[PDB]
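What follows is a short report on a single structure.
None of the figures in this text is laboratory data; all of them are computed from the coordinates on show. Cβ placement follows ideal geometry from the backbone for every residue including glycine, while neighbour counts extend to all protein chains displayed.
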Amino acid sequence: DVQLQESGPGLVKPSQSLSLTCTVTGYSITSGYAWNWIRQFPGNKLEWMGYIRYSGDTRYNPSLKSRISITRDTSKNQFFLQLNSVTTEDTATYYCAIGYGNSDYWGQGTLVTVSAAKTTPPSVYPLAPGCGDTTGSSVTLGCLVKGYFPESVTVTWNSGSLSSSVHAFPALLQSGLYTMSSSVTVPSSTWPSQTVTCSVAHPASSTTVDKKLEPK
Amino acid sequence: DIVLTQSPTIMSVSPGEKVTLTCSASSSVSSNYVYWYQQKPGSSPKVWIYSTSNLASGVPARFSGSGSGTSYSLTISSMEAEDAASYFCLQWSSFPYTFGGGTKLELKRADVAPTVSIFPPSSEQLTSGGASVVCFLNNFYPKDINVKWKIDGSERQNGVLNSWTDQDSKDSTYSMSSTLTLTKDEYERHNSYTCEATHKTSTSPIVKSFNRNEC
């Protein structure tokens, strides 16, 4: 019943410093194991950064020396990662984990973007079907979120209610800005009678938009 | 600092078939310190095989590892839908610890034709002085597919943002979204927009289109 959980800034400017916090639960940082910090670059390449032993001593990847510092707080039961002088190359998903033998434990992971680009909320647009021309057995609505940054936006259809027959697509970075979309297919009878709303949340700019798809 | 080279990098496998992933090290390593991880989209890696050949907890009997010296390999008896994922190998027999590039495995299925939908811009984006035409191509396979945009029958390739989902875990299909962004300026200077899709499931292109006229 071990639980790991990364936590951090999300967005940080070049040459600045990064501070991540891994909170462990259901087990002590002192009892045993090696506590690792692992990062996955966009492209999926995996890199072992370093660890802190339960004894408190450390080991670092030779390419992160001088910039890295893994430490902990036995009273809080959590270790930390500090990377200073971050470049864009340090953009990735950061994980903390321990594990030996037929098992291990990882945190959900935390995305950290290293860019000078400014935070920008999203523009959410409804995507209804063309006027008179869609009446098969199933209709398809959509939602388009664009102009936001940094990455990480949460979209749900009818606040979780609609889950089947939906497809959210991976955001794309076009000129320092993100575009992302999602479609939802239902039977022709459902819409536009029953309300179908598109829920969109962008944390890095604390914005929550709700757009119901209305017939053209 | 040992470089772990993995292959194949990507591969499609039919259910029931046998597949063998490989991991080559630039220098010999202790068989005891060679792990294998499986990573499903949007989830963190999980230990799959430890010490070259020992199955981890929860791992199905069909998986199996082996290897020694400078060559290690993972093997699947008969492929399954759920075995579709990325597989990395790790070596911690020498500092620093290094992973391999990974091998993605896609599950081959029966061909299926895409269901295409097209959408004109919305009032709101127009008000902003911008126009985006969106086209969704849902539930298809193979993954290779071409998409062309035609504005007034003329082919436009600039300002096209494509994005794919991953092989669906429910039907092993893919889905794509194509977006064309233009200035409200250029959107009004033309009348017909067409999303033309060319897939294997047919000789003729699947097309959807609308006219600013009819609205």
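Placing dummy labels 7 Å off each Cα toward the beta-carbon, the span from B:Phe95 to A:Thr21 is 2.9 nm.
How much length, in nm to one decimal, is gained on full extension between B:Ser128 and B:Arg212, taken as 0.36 nm per residue of separation minus their Cα-Cα distance? The partial results should precede the final answer.
On the way: separation 84, 0.36 × 84 = 30.24 nm, distance 1.80 nm.
Contour length minus Cα-Cα distance gives 28.4 nm.
In summary, the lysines within cross-link reach of B:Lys148, defined as a Cα separation below 20 angstrom excluding same-chain residues under 8 places away, comprise B:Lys200, B:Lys208. Fewest neighbouring Cβ atoms within 10 Å first, the residues B:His190, B:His199, A:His202 line up as B:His190, B:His199, A:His202. Percent of Cα-Cα pairs per 5 Å bin, from 0 to the last occupied bin, for segment A:57-179, please list those. Percent of Cα pairs in each bin: 2, 7, 12, 14, 14, 12, 11, 10, 8, 5, 2, 2, 1, 0. Here, P(r) means the percent of Cα pairs in each 10 Å bin from 0 to the largest distance; for segment A:117-215 it is 16, 47, 27, 10, 1. Each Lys and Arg Cβ is given +1 and each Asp and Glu Cβ -1; about its Cα centre, chain B then shows a dipole of about 260 debye.
Under a point-charge model restricted to the Cβ atoms of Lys and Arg (+1) and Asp and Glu (-1), what is the dipole moment magnitude of the protein assembly as shown relative to its Cα centre, in debye to the nearest 20?
Numbers: 31 positive and 31 negative charges, 87 e Å.
The dipole of the protein assembly as shown has a size of about 420 debye.
In chain A, the inverse of the mean reciprocal separation of distinct Cα atoms equals 19.8 Å; this is its Kirkwood hydrodynamic radius.
On the beta carbon distance between B:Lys40 and A:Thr71, with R0 = 25 Å, the FRET formula returns roughly 0.20. Among B:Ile76, B:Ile151, B:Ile118, the largest mean-square fluctuation in a Gaussian network model of chain B (Cα springs under 10 Å) belongs to B:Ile151. According to the Kirkwood relation over distinct C-alpha pairs, the hydrodynamic radius of segment B:1-146 is 17.6 Å. For chain B, averaging the sequence separation of C-alpha pairs within contact (under 8 Å, six or more residues apart) and dividing by the residue count gives a relative contact order of 18 percent.
Result for chain B in a Gaussian network model with C-alpha springs under 10 Å: among B:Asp83, B:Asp144, B:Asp111, the largest mean-square fluctuation is at B:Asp144.
Cβ-Cβ distance of B:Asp185 and A:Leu173, R₀ of 22 Å, FRET efficiency by 1/(1 + (r/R0)^6): the value works out to about 0.35. Only residues of segment B:151-184 count here: report those whose backbone N is under 13 Å from the spot 7 Å along Cα→Cβ of B:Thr201, or say none. Only B:171-176 pass the distance filter.
Of B:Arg212, A:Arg39, how do they rank once you tally other Cβ atoms within 10 Å and put the fewest first?
Details: B:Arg212 14, A:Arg39 22.
Fewest-to-most ranking of B:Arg212, A:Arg39: B:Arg212, A:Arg39.
What is the distance in Å between the Cα centroid of segment A:181-202 and that of segment B:153-190? What the calculation gives is 20 Å, centre to centre.
Altogether, the Stokes-Einstein calculation at 4 °C and 1.567 mPa s, with the Kirkwood radius of segment A:1-116 over Cα pairs as Rh, returns a diffusion coefficient of 91 µm²/s. For the protein assembly as shown, the equivalent ellipsoid derived from the alpha-carbon gyration tensor has semi-axes of 43, 27, 19 Å in decreasing order. Spin-label model, A:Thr195/A:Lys212: points 7 Å from Cα along the beta carbon direction are separated by 0.4 nm. Projecting the Cα atoms of B:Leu74, A:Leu144, A:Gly26 onto the charge dipole of the protein assembly as shown (Cβ charges, centred on the Cα centre) puts A:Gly26 farthest toward the positive pole.
Here the relative contact order of segment B:1-109, from alpha carbon pairs under 8 Å that lie six or more residues apart, stands at 39 percent. Between segment B:12-46 and segment A:79-112, the alpha-carbon centres lie 21 Å apart.
For A:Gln108 and A:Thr87, FRET efficiency with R0 = 25 Å and r from the beta-carbon atoms, rounded to 0.05? Walk me through the numbers on the way to the answer.
Numbers: r = 25 Å, r/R0 = 1.00.
Once rounded, the FRET efficiency stands at 0.50.
For segment B:124-215, the alpha carbon positions stretch 40, 28, 25 Å along the principal axes, listed from largest to smallest.
Within the set of other residues whose C-beta is less than 15 Å from the C-beta of A:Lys211, count the net charge using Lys and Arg as +1 and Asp and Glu as -1.
Numbers: positive: A:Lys146, A:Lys212, A:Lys216; negative: A:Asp210, A:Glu214, B:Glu124.
Result for the local shell: 0.
Site pair B:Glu82 and B:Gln157 shows an inter-label distance of 4.4 nm when each label is modelled 7 Å from Cα along Cα→Cβ. Among B:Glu188, A:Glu47, a tally of other beta-carbon atoms within 10 Å of each Cβ gives an order, fewest to most, of B:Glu188, A:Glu47.
B:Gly58: net charge of surrounding residues, Cβ under 15 Å, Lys/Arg +1, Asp/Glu -1, itself excluded? Each step should come with its number before you reach the end.
Working: positive: B:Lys40, B:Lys46, B:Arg62; negative: A:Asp104, B:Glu80, B:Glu82, B:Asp83.
Local net charge: -1.
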